[PDB]
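First the structure, in the form of structure tokens, and then the observations on it.
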Amino acid sequence: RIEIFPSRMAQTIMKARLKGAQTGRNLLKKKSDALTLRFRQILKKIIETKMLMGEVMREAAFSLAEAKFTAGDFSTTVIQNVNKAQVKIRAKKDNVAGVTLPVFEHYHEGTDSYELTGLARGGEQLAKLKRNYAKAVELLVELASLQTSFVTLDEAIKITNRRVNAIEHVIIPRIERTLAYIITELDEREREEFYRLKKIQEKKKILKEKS
Amino acid sequence: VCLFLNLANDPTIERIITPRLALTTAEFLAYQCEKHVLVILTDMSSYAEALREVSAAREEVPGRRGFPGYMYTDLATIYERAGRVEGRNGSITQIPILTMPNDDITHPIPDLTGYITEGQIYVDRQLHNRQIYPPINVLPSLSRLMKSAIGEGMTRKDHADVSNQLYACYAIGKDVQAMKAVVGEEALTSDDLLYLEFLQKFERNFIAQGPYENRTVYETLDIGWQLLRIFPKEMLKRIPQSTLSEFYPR
Amino acid sequence: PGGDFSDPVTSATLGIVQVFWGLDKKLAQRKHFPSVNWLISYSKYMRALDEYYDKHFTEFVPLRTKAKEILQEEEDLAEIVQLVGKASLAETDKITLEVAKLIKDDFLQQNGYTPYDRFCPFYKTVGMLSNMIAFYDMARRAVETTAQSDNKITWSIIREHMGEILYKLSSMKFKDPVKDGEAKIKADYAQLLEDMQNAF
Amino acid sequence: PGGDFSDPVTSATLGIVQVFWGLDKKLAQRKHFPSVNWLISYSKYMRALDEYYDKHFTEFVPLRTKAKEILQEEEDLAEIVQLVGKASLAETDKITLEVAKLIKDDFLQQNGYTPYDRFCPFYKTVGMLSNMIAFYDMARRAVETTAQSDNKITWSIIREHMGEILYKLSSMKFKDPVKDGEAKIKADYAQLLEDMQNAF
Amino acid sequence: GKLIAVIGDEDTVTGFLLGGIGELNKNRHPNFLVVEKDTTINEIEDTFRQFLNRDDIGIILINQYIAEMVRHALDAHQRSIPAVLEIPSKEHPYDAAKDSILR
């Protein structure tokens with residue numbers, strides 16, 4: 001696949017097109033290394049804090065048992081009395097190499113809907129089961145902040161890895177075999193000019209010999 | 001100085017006899033009067049259009065790109081009048097300054113002098129538009145006989161390693177200079193920030209020197225050690241510890 | 001338009017002449033007049049004019065040294081934005097992309113049929129250049145020494161707050177032949193206006 | 001020489017002739033015969049023939065105006081797929097690439113040694129082209145009229161439900177000259193399946 | 001997305017409602033779903049479709065033992081929001097489901 005006509009000026013044009021494509025690799029490959037290095041270090045933060053929430057949720061589950069030993073059964077009092085949320089999230093923005101990363105930030109508009117739960121039997125095992133689970137949603141939001149950054153990075157590092165390889169396989173070899181066509185077609189004009197000029201000199205000796 | 005002018009008015013046949021004149025006087029001062037002569041030939045690109053012009057005056061058919069076929073021989077008659085000889089104390093070295101047309105090295109004027117000379121020095125338009133004098137970039141430049149020139153008795157012992165390290169940190173510092181643009185000033189680490197601060201002082205204190213400042217070869221290496229002292233130890237991997245122990249603490 | 005530096009008429013000329021004002025076709029396609037591009041053009045009478053420039057217009061030489069740096073710092077950064085985007089750009093770099101764009105529209109652009117830009121005298125040239133680089137030097141001063149501790153504007157609150165002052169820089173190419181005194185003091189008027197803004 | 005059409009024999013010929021059947025080598029590296037490259041080929045008897053075409057085949061001139069548009073729409077999107085990918089296209093473009101692939105495989109490809117495609121009379125040419133473009137226009141209304149609101153036809157349900165009908169469209173080339181009147185009926189008998197399936 | 005959703009289990013949601021993530025707007029839906037022994041696989045799938053289509057839901061908590069049934073429904077969800085997490089049960093410890101995105 002060739003593009004345009006060889007003129008001695010297109011060769012400088014095609015070398016300028018090749019120069020931008022040569023620096024279109026390394027300037028975009030190192031972006032794909034900057035994204036992958038954060039993508040690999042987020043995965044280590046994924047694996048480490050996922051076995052860390054498993055210990056916290058195990059501790060919160062044993063706290064639950066303790067609360068039920070002390071204080072009746074709350075599997076209908078807690079479920080029925082929900083009206084509004086006490087823990088909410090707001091989506092914040094972050095970036096690595098110009099790739100906007102969605103991230104989550106938690107905040108408490110605290111109006112305690114379980115301000116009086118137990119209060120006659122228990123209520124001391126409660127408000128530390130609440131503390132064992134508000135610390136759990138403190139961590140599960142921080143893990144989900146790494147979850148939604150992980151899932152949008154590889155779908156944005158696949159589109160960068162294709163744009164590198166489309167340069168390396170489709171654009172750079174097309175310019176380079178265009179540039180090879182400019183060289184051999186310009187050499188073919190130089191033999192045509194050599195054959196014409198030598199033929200004039202051969203005819204110039206013919207007229208000189210008779211005259 | 002034995003300065004030989006040749007302007008654009010005076011004839012083009014005199015451009016051919018001009019470096020033959022200049023090297024004849026530089027073969028009488030060197031190894032006939034036994035002194036070291038530095039020959040500067042400029043412009044060596046303007047020599048070849050004078051060589052092209054008298055060629056067509058002889059009704060000779062032009063070779064590749066109009067330049068004659070015997071140009072590699074004709075450039076050899078004036079480039080190879082150099083070197084030093086056995087029983088004589090003088091020497092002769094050449095700096096043939098030439099301009100490549102349309103910044104193309106594939107052109108026969110910087111190509112036929114690349115087969116025959118011993119390394120190149122590059123004057124680039126990138127550093128010239130940045131107002132850096134002299135605009136010499138040292139990544140594509142090379143001196144093929146610089147291993148022989150420098151040494152212990154010749155300049156001093158650390159020359160082979162401070163130049164190897166200044167070339168390495170400038171190459172790495174040029175790579176991190178683009179990641180400040182495309183990745184981010186905050187994402188780059190503390191060591192890559194140090195290569196950023198090296199390159200800003202390398203191009204302004206080592207390379208840029210002004211048209212009247214004659215730094216000797218000892219003042220050159222002292223400026224080079226000031227730009228290597230901003231780096232800590234164990235990054236200067238091109239310098240062995242036998243010379244790094246003295247010149248680094250100062 | 002053609003055979004850029006390898007053409008037997010142009011290649012033989014550049015070995016003789018000292019000044020070459022290279023008119024670009026790409027600036028002419030976008031109707032940037034005059035279309036002299038600043039990268040491949042040169043002049044060689046820069047050492048011969050510093051004796052005249054240290055005597056009559058002594059402000060000029062450190063400005064032309066810096067104005068050529070900003071015009072290439074945009075050029076080396078223009079290839080960055082078209083590949084990866086402007087989103088990850090620094091703040092010492094975004095102050096180049098606004099002042100260099102202010103140079104290309106105020107300083108470099110010039111209308112030859114407009115009755116005041118058909119001939120620009122040299123005090124008007126040194127005048128508006130000394131303000132567009134003092135604006136560059138003061139804005140460089142703000143971001144660098146006050147960085148990472150003080151709450152200094154990262155160019156987003158500056159570009160809307162200077163919208164009257166940036167209008168004064170962009171309207172500076174309008175003074176005429178109907179002033180020289182008024183045109184000189186207006187450059188000093190706009191300079192002391194910027195000195196109050198940087199005192200904030 | 002070398003298959004290059006920038007040749008002193010070829011370029012001198014193209015200034016004289018009116019019809020140009022440009023044969024492609026890449027269409028011969030795959031077994032696509034005849035190898036006429038539909039992009040670079042042209043004719044200059046167009047205005048000279050439509051006075052013949054509003055007499056005998058009164059519907060064919062609006063057909064080639066769309067069939068040449070579909071084949072160029074494929075080429076403008078084929079450069080997107082090899083760089084960006086097929087998964088990010090719209091639905092009006094995925095119907096364009098598959099109808100054009102049906103044109104290149106059924107209409108354009110023609111086996112010269114088989115007993116049926118060694119000669120194709122012009123009612124068979126206008127006939128099988130009138131159904132592959134009506135199928136392109138019927139699948140346009142399935143995407144454009146029901147555009148965004150409803151859970152609509154998105155062309156993935158087409159290719160699994162029209163698998164018997166697409167097999168009818170890909171087999172129109174098998175009509176020998178043992179039938180002349182029946183081939184015109186089966187061109188409309190395939191159309192009545194195309195008529196009702198868009199309703200269901 | 002401003003709400004956290006939980007499908008969880010019977011003992012799981014009553015700990016998380018005590019954390020403060022439950023919210024009932026009576027128009028649309030409740031933002032949780034207690035999954036007991038006698039609820040079908042379809043009812044978990046509808047509420048999974050409810051929380052994915054809801055705008056205020058930003059995080060979807062679910063036990064992995066419950067997520068083992070709707071696994072075919074969450075393997076098709078490949079968006080950034082809402083995040084879906086698998087938390088361990090009282091009985092069932094841990095491992096699968098997000099590393100499908102990375103091997």
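Letters A, B, ... mark the chains of the structure tokens in the order given; residue numbers begin at 1 per chain; ligand numbers begin at 1, in order shown.
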
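Residues in contact with residue 18 of chain D at up to 10 Å, not including ones fewer than 2 positions away on its chain and judged by only C-alpha atoms, are residues 13, 14, 15, 16, 20, 42, 43, 44 and 45 of chain D.
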
Practice item. Pull out every residue of chain A that has at least one atom within 6 Å of chain C, counting only C-alpha atoms, and report them as JSON, numbers by chain. Key: {"A": [9, 97, 98]}

For the residues in the current selection, export C-alpha atoms as a PDB file, in the first residue's frame.
ATOM      1  CA  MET A   9       9.726  16.808  -1.945  1.00  0.00           C
ATOM      2  CA  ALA A  97      -1.693  10.077  32.500  1.00  0.00           C
ATOM      3  CA  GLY A  98      -4.847  11.895  31.465  1.00  0.00           C
TER       4      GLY A  98
END

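Straight-line separation from atom CA of residue 70 of chain E to atom CA of residue 61 of chain A: 23.7 Å.
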
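Shortest separation to chain A among B:113, B:91, B:77, B:189 occurs at residue B:189, atoms counted being only C-alpha atoms.
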
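Nearest to chain E of all the residues A:171, A:78, A:186, A:166 is A:78, counting only C-alpha atoms.
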
Point to revise | DSSP alpha helix (DSSP H) residues within segment 49-133 of chain B, as number ranges by chain | key: B: 49-57, 71-79, 108-112, 125-129

Point to revise | Polymer residues at most 12 Å from residue 103 of chain E, only C-alpha atoms, same-chain spacing of 3 or more positions, as a PyMOL selection string | key: (chain A and resi 40+43+154) or (chain E and resi 96-100)

Need the shell around residue 32 of chain D: protein/DNA/RNA residues with any atom at most 10 Å away, counting only C-alpha atoms. Skip same-chain ones fewer than 3 positions apart. Format as a PDB file with C-alpha atoms, in the first residue's frame?
ATOM      1  CA  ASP D  24      -6.651  -5.553  -8.822  1.00  0.00           C
ATOM      2  CA  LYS D  25      -3.998  -8.056  -7.775  1.00  0.00           C
ATOM      3  CA  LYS D  26      -5.219  -8.239  -4.163  1.00  0.00           C
ATOM      4  CA  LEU D  27      -8.595  -9.285  -5.578  1.00  0.00           C
ATOM      5  CA  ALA D  28      -6.671 -12.042  -7.372  1.00  0.00           C
ATOM      6  CA  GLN D  29      -4.561 -13.036  -4.352  1.00  0.00           C
ATOM      7  CA  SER D  35     -10.906  -8.854 -10.176  1.00  0.00           C
ATOM      8  CA  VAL D  36     -12.312  -5.471 -11.253  1.00  0.00           C
ATOM      9  CA  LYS D 104     -19.134  -8.526  -3.097  1.00  0.00           C
ATOM     10  CA  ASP D 105     -19.843 -12.237  -2.609  1.00  0.00           C
ATOM     11  CA  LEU D 108     -19.611  -9.120  -7.854  1.00  0.00           C
ATOM     12  CA  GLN D 109     -18.104 -12.617  -7.646  1.00  0.00           C
ATOM     13  CA  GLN D 110     -18.779 -14.714 -10.730  1.00  0.00           C
ATOM     14  CA  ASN D 111     -17.360 -18.132 -11.605  1.00  0.00           C
TER      15      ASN D 111
END

Exercise for review: Excluding residue 138 of chain C and residues on its chain fewer than 3 positions from it, collect all residues at most 9 Å away from it, counting only C-alpha atoms, and give them as a ChimeraX atom specification.
Suggested key: /C:133-135,141-143,194-195,198

Restricting the output to N, CA and C atoms, write the selected residues as a compact mmCIF listing (two decimals), in the first residue's frame.
# COMPACT_ATOMS: atom_id res chain seq x y z
N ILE C 133 5.95 39.68 27.60
CA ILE C 133 6.92 38.83 28.27
C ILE C 133 7.06 39.16 29.75
N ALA C 134 6.83 40.42 30.15
CA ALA C 134 6.68 40.73 31.57
C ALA C 134 5.44 40.06 32.15
N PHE C 135 4.38 39.95 31.35
CA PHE C 135 3.24 39.13 31.74
C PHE C 135 3.62 37.66 31.85
N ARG C 141 6.66 33.69 37.79
CA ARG C 141 7.04 34.03 39.16
C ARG C 141 5.98 33.60 40.17
N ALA C 142 4.70 33.69 39.78
CA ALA C 142 3.62 33.38 40.72
C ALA C 142 3.55 31.88 40.99
N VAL C 143 3.62 31.07 39.94
CA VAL C 143 3.40 29.63 40.08
C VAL C 143 4.58 28.90 40.69
N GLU C 194 -0.45 45.52 35.74
CA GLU C 194 -0.12 44.13 36.04
C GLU C 194 0.66 44.00 37.34
N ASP C 195 1.35 45.07 37.76
CA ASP C 195 2.14 45.02 38.98
C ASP C 195 1.24 44.95 40.22
N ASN C 198 -0.14 41.16 40.49
CA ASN C 198 0.82 40.17 40.98
C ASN C 198 1.14 40.41 42.45

Neighbours of residue 187 of chain B within 12 Å (only C-alpha atoms; same-chain residues fewer than 5 positions away dropped), as a PDB file with N, CA, C and O atoms, in the first residue's frame?
ATOM      1  N   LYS A  31       3.103   5.809  27.952  1.00  0.00           N
ATOM      2  CA  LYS A  31       1.790   5.983  28.566  1.00  0.00           C
ATOM      3  C   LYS A  31       1.184   4.629  28.915  1.00  0.00           C
ATOM      4  O   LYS A  31       0.647   4.434  30.010  1.00  0.00           O
ATOM      5  N   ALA A  34       2.907   3.524  31.945  1.00  0.00           N
ATOM      6  CA  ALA A  34       2.476   4.254  33.132  1.00  0.00           C
ATOM      7  C   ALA A  34       1.099   3.804  33.593  1.00  0.00           C
ATOM      8  O   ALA A  34       0.826   3.781  34.799  1.00  0.00           O
ATOM      9  N   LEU A  35       0.221   3.442  32.658  1.00  0.00           N
ATOM     10  CA  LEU A  35      -1.088   2.923  33.031  1.00  0.00           C
ATOM     11  C   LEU A  35      -0.991   1.513  33.595  1.00  0.00           C
ATOM     12  O   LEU A  35      -1.679   1.189  34.566  1.00  0.00           O
ATOM     13  N   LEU A  37       1.599   0.044  35.067  1.00  0.00           N
ATOM     14  CA  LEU A  37       2.287   0.015  36.355  1.00  0.00           C
ATOM     15  C   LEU A  37       1.347   0.376  37.500  1.00  0.00           C
ATOM     16  O   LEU A  37       1.444  -0.191  38.593  1.00  0.00           O
ATOM     17  N   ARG A  38       0.428   1.316  37.269  1.00  0.00           N
ATOM     18  CA  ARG A  38      -0.594   1.589  38.273  1.00  0.00           C
ATOM     19  C   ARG A  38      -1.653   0.494  38.271  1.00  0.00           C
ATOM     20  O   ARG A  38      -2.246   0.184  39.310  1.00  0.00           O
ATOM     21  N   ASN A  95      -6.988  10.967  38.258  1.00  0.00           N
ATOM     22  CA  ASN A  95      -6.405  10.742  36.943  1.00  0.00           C
ATOM     23  C   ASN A  95      -5.006  10.149  37.028  1.00  0.00           C
ATOM     24  O   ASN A  95      -4.276  10.389  37.994  1.00  0.00           O
ATOM     25  N   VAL A  96      -4.665   9.334  36.033  1.00  0.00           N
ATOM     26  CA  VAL A  96      -3.297   8.901  35.779  1.00  0.00           C
ATOM     27  C   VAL A  96      -3.045   8.966  34.277  1.00  0.00           C
ATOM     28  O   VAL A  96      -3.724   8.290  33.491  1.00  0.00           O
ATOM     29  N   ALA A  97      -2.085   9.812  33.888  1.00  0.00           N
ATOM     30  CA  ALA A  97      -1.693  10.077  32.500  1.00  0.00           C
ATOM     31  C   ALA A  97      -2.885  10.494  31.637  1.00  0.00           C
ATOM     32  O   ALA A  97      -3.072  10.028  30.512  1.00  0.00           O
ATOM     33  N   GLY A  98      -3.702  11.384  32.192  1.00  0.00           N
ATOM     34  CA  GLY A  98      -4.847  11.895  31.465  1.00  0.00           C
ATOM     35  C   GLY A  98      -6.007  10.939  31.327  1.00  0.00           C
ATOM     36  O   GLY A  98      -6.874  11.157  30.474  1.00  0.00           O
TER      37      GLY A  98
ATOM     38  N   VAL B 176      12.765  11.108  30.336  1.00  0.00           N
ATOM     39  CA  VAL B 176      11.838  11.524  31.383  1.00  0.00           C
ATOM     40  C   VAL B 176      11.339  12.943  31.140  1.00  0.00           C
ATOM     41  O   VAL B 176      10.365  13.377  31.766  1.00  0.00           O
ATOM     42  N   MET B 179       7.902  12.589  29.666  1.00  0.00           N
ATOM     43  CA  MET B 179       6.885  12.035  30.553  1.00  0.00           C
ATOM     44  C   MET B 179       6.327  13.101  31.485  1.00  0.00           C
ATOM     45  O   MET B 179       5.243  12.942  32.055  1.00  0.00           O
ATOM     46  N   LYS B 180       7.070  14.194  31.670  1.00  0.00           N
ATOM     47  CA  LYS B 180       6.504  15.361  32.339  1.00  0.00           C
ATOM     48  C   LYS B 180       5.376  15.966  31.512  1.00  0.00           C
ATOM     49  O   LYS B 180       4.421  16.532  32.058  1.00  0.00           O
ATOM     50  N   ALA B 181       5.462  15.843  30.188  1.00  0.00           N
ATOM     51  CA  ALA B 181       4.440  16.413  29.319  1.00  0.00           C
ATOM     52  C   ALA B 181       3.197  15.536  29.266  1.00  0.00           C
ATOM     53  O   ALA B 181       2.070  16.029  29.389  1.00  0.00           O
ATOM     54  N   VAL B 182       3.377  14.232  29.069  1.00  0.00           N
ATOM     55  CA  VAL B 182       2.263  13.366  28.692  1.00  0.00           C
ATOM     56  C   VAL B 182       1.697  12.602  29.885  1.00  0.00           C
ATOM     57  O   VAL B 182       0.524  12.221  29.883  1.00  0.00           O
ATOM     58  N   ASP B 192      13.335  10.518  38.995  1.00  0.00           N
ATOM     59  CA  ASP B 192      13.081  11.055  37.663  1.00  0.00           C
ATOM     60  C   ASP B 192      12.926  12.569  37.692  1.00  0.00           C
ATOM     61  O   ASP B 192      13.128  13.232  36.670  1.00  0.00           O
ATOM     62  N   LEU B 193      12.558  13.130  38.846  1.00  0.00           N
ATOM     63  CA  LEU B 193      12.578  14.580  39.004  1.00  0.00           C
ATOM     64  C   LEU B 193      14.008  15.099  39.044  1.00  0.00           C
ATOM     65  O   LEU B 193      14.277  16.244  38.661  1.00  0.00           O
TER      66      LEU B 193
ATOM     67  N   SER C  88      -3.362  16.118  31.095  1.00  0.00           N
ATOM     68  CA  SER C  88      -2.247  15.813  31.981  1.00  0.00           C
ATOM     69  C   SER C  88      -1.118  16.830  31.884  1.00  0.00           C
ATOM     70  O   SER C  88       0.008  16.524  32.286  1.00  0.00           O
ATOM     71  N   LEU C  89      -1.390  18.019  31.358  1.00  0.00           N
ATOM     72  CA  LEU C  89      -0.356  19.023  31.176  1.00  0.00           C
ATOM     73  C   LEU C  89      -0.042  19.706  32.508  1.00  0.00           C
ATOM     74  O   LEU C  89      -0.883  19.799  33.407  1.00  0.00           O
ATOM     75  N   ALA C  90       1.192  20.192  32.629  1.00  0.00           N
ATOM     76  CA  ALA C  90       1.659  20.847  33.841  1.00  0.00           C
ATOM     77  C   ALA C  90       1.140  22.285  33.891  1.00  0.00           C
ATOM     78  O   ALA C  90       0.343  22.713  33.054  1.00  0.00           O
TER      79      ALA C  90
END

**Study point:** Best match for closeness to residue 248 of chain B among B:212, B:205, B:158, B:132, counting only C-alpha atoms
**Key:** B:158

Point to revise | Distance filter 7 Å, only C-alpha atoms, chain A against chain E, as a PyMOL selection string | key: chain A and resi 54+61+75+78-79+82-90+130+133-134+144+147-148+151-152

File dump, residues just selected, C-alpha atoms, as a JSON list (two decimals), in the first residue's frame:
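After the write, part04.json holds the following:
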[["chain", "number", "residue", "atom", "x", "y", "z"],
["A", 54, "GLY", "CA", -12.41, -10.99, 55.15],
["A", 61, "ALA", "CA", -19.90, -11.58, 62.27],
["A", 75, "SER", "CA", -33.97, -9.45, 62.64],
["A", 78, "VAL", "CA", -33.70, -3.52, 62.31],
["A", 79, "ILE", "CA", -35.27, -4.53, 58.99],
["A", 82, "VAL", "CA", -35.29, 1.82, 57.74],
["A", 83, "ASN", "CA", -36.33, 5.21, 56.35],
["A", 84, "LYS", "CA", -33.24, 7.20, 55.21],
["A", 85, "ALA", "CA", -29.54, 6.47, 54.73],
["A", 86, "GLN", "CA", -26.89, 7.33, 57.33],
["A", 87, "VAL", "CA", -23.87, 6.48, 55.12],
["A", 88, "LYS", "CA", -23.72, 7.75, 51.53],
["A", 89, "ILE", "CA", -21.10, 8.04, 48.79],
["A", 90, "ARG", "CA", -20.11, 10.82, 46.39],
["A", 130, "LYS", "CA", -22.63, -0.60, 64.85],
["A", 133, "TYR", "CA", -20.01, -2.47, 60.83],
["A", 134, "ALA", "CA", -19.51, 1.26, 60.25],
["A", 144, "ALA", "CA", -14.95, -0.38, 45.96],
["A", 147, "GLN", "CA", -12.71, -1.82, 42.33],
["A", 148, "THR", "CA", -14.17, 0.85, 40.05],
["A", 151, "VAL", "CA", -12.35, -2.10, 36.03],
["A", 152, "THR", "CA", -12.11, 1.16, 34.04]]

Practice item. Please report as number ranges by chain which residues of chain B come no farther than 9 Å from chain A, using only C-alpha atoms. Key: B: 59-65, 102, 104, 178-179, 182-184, 187

Deliver the residues from the most recent selection as a file, using C-alpha atoms, as a PDB file, in the first residue's frame.
ATOM      1  CA  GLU B  59      31.192  18.191 -20.879  1.00  0.00           C
ATOM      2  CA  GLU B  60      31.116  15.353 -18.346  1.00  0.00           C
ATOM      3  CA  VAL B  61      27.845  13.566 -17.604  1.00  0.00           C
ATOM      4  CA  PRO B  62      26.754  14.181 -13.981  1.00  0.00           C
ATOM      5  CA  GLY B  63      26.424  11.265 -11.585  1.00  0.00           C
ATOM      6  CA  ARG B  64      24.027  10.817  -8.695  1.00  0.00           C
ATOM      7  CA  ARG B  65      22.102  14.014  -7.793  1.00  0.00           C
ATOM      8  CA  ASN B 102      17.365  19.929   3.694  1.00  0.00           C
ATOM      9  CA  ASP B 104      19.340  15.046   4.870  1.00  0.00           C
ATOM     10  CA  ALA B 178       8.683  13.834  27.710  1.00  0.00           C
ATOM     11  CA  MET B 179       6.885  12.035  30.553  1.00  0.00           C
ATOM     12  CA  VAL B 182       2.263  13.366  28.692  1.00  0.00           C
ATOM     13  CA  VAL B 183       2.000  11.583  32.059  1.00  0.00           C
ATOM     14  CA  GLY B 184       2.235  14.262  34.728  1.00  0.00           C
ATOM     15  CA  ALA B 187       3.255  10.980  38.724  1.00  0.00           C
TER      16      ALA B 187
END

Check your understanding: Can you list, as a PyMOL selection string, every protein, DNA or RNA residue that comes within 12 Å of residue 30 of chain B when you count only C-alpha atoms, leaving out same-chain residues fewer than 5 positions away?
Key -> chain B and resi 23-25+35-39+81-85+88-93

Store the residues picked out above in a file with N, CA and C atoms, as an mmCIF file, in the first residue's frame.
data_model
loop_
_atom_site.group_PDB
_atom_site.id
_atom_site.type_symbol
_atom_site.label_atom_id
_atom_site.label_comp_id
_atom_site.auth_asym_id
_atom_site.auth_seq_id
_atom_site.Cartn_x
_atom_site.Cartn_y
_atom_site.Cartn_z
ATOM 1 N N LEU B 23 46.049 23.065 2.467
ATOM 2 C CA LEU B 23 46.686 21.861 2.983
ATOM 3 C C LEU B 23 48.134 21.751 2.528
ATOM 4 N N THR B 24 48.524 22.506 1.501
ATOM 5 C CA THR B 24 49.934 22.569 1.133
ATOM 6 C C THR B 24 50.728 23.356 2.166
ATOM 7 N N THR B 25 50.169 24.468 2.647
ATOM 8 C CA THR B 25 50.804 25.220 3.723
ATOM 9 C C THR B 25 50.708 24.483 5.049
ATOM 10 N N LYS B 35 55.216 21.286 13.696
ATOM 11 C CA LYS B 35 54.282 21.872 14.646
ATOM 12 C C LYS B 35 52.892 21.311 14.397
ATOM 13 N N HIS B 36 52.051 21.360 15.423
ATOM 14 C CA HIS B 36 50.707 20.807 15.325
ATOM 15 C C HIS B 36 49.781 21.834 14.689
ATOM 16 N N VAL B 37 49.168 21.470 13.567
ATOM 17 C CA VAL B 37 48.325 22.374 12.796
ATOM 18 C C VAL B 37 46.899 21.841 12.789
ATOM 19 N N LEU B 38 45.950 22.700 13.148
ATOM 20 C CA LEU B 38 44.529 22.400 13.051
ATOM 21 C C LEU B 38 43.975 23.102 11.820
ATOM 22 N N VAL B 39 43.431 22.326 10.886
ATOM 23 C CA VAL B 39 42.911 22.845 9.625
ATOM 24 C C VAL B 39 41.394 22.868 9.714
ATOM 25 N N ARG B 81 44.767 14.267 3.888
ATOM 26 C CA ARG B 81 46.014 14.983 4.142
ATOM 27 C C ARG B 81 46.042 15.383 5.616
ATOM 28 N N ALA B 82 46.069 14.365 6.469
ATOM 29 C CA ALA B 82 45.998 14.550 7.910
ATOM 30 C C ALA B 82 46.812 13.445 8.570
ATOM 31 N N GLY B 83 46.707 13.353 9.891
ATOM 32 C CA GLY B 83 47.441 12.356 10.637
ATOM 33 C C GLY B 83 48.841 12.810 10.987
ATOM 34 N N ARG B 84 49.529 11.952 11.730
ATOM 35 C CA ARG B 84 50.901 12.202 12.135
ATOM 36 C C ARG B 84 51.789 11.056 11.678
ATOM 37 N N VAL B 85 53.060 11.367 11.446
ATOM 38 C CA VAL B 85 53.978 10.462 10.774
ATOM 39 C C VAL B 85 55.035 9.980 11.764
ATOM 40 N N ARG B 88 58.701 12.416 12.709
ATOM 41 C CA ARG B 88 58.496 13.854 12.759
ATOM 42 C C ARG B 88 57.524 14.179 13.885
ATOM 43 N N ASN B 89 57.792 15.285 14.579
ATOM 44 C CA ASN B 89 57.042 15.636 15.778
ATOM 45 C C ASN B 89 55.764 16.407 15.492
ATOM 46 N N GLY B 90 55.610 16.953 14.294
ATOM 47 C CA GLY B 90 54.395 17.658 13.958
ATOM 48 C C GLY B 90 53.246 16.723 13.643
ATOM 49 N N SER B 91 52.053 17.307 13.589
ATOM 50 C CA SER B 91 50.848 16.581 13.219
ATOM 51 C C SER B 91 49.907 17.550 12.526
ATOM 52 N N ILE B 92 48.821 17.008 11.984
ATOM 53 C CA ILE B 92 47.808 17.801 11.297
ATOM 54 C C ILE B 92 46.478 17.103 11.558
ATOM 55 N N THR B 93 45.493 17.866 12.023
ATOM 56 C CA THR B 93 44.124 17.416 12.214
ATOM 57 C C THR B 93 43.160 18.350 11.490
#

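DSSP, applied to the backbone of this structure, assigns strand (DSSP E or B) to the following residues of segment 5-40 of chain B: residues 36, 37, 38, 39 and 40 of chain B.
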
Writing out the chosen residues with N, CA, C and O atoms as a PDB file, in the first residue's frame:
ATOM      1  N   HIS B  36      52.051  21.360  15.423  1.00  0.00           N
ATOM      2  CA  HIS B  36      50.707  20.807  15.325  1.00  0.00           C
ATOM      3  C   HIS B  36      49.781  21.834  14.689  1.00  0.00           C
ATOM      4  O   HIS B  36      49.625  22.943  15.208  1.00  0.00           O
ATOM      5  N   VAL B  37      49.168  21.470  13.567  1.00  0.00           N
ATOM      6  CA  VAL B  37      48.325  22.374  12.796  1.00  0.00           C
ATOM      7  C   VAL B  37      46.899  21.841  12.789  1.00  0.00           C
ATOM      8  O   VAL B  37      46.664  20.670  12.476  1.00  0.00           O
ATOM      9  N   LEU B  38      45.950  22.700  13.148  1.00  0.00           N
ATOM     10  CA  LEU B  38      44.529  22.400  13.051  1.00  0.00           C
ATOM     11  C   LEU B  38      43.975  23.102  11.820  1.00  0.00           C
ATOM     12  O   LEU B  38      44.046  24.331  11.720  1.00  0.00           O
ATOM     13  N   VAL B  39      43.431  22.326  10.886  1.00  0.00           N
ATOM     14  CA  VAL B  39      42.911  22.845   9.625  1.00  0.00           C
ATOM     15  C   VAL B  39      41.394  22.868   9.714  1.00  0.00           C
ATOM     16  O   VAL B  39      40.770  21.854  10.044  1.00  0.00           O
ATOM     17  N   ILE B  40      40.799  24.019   9.419  1.00  0.00           N
ATOM     18  CA  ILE B  40      39.351  24.182   9.408  1.00  0.00           C
ATOM     19  C   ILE B  40      38.921  24.500   7.984  1.00  0.00           C
ATOM     20  O   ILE B  40      39.390  25.478   7.391  1.00  0.00           O
TER      21      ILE B  40
END
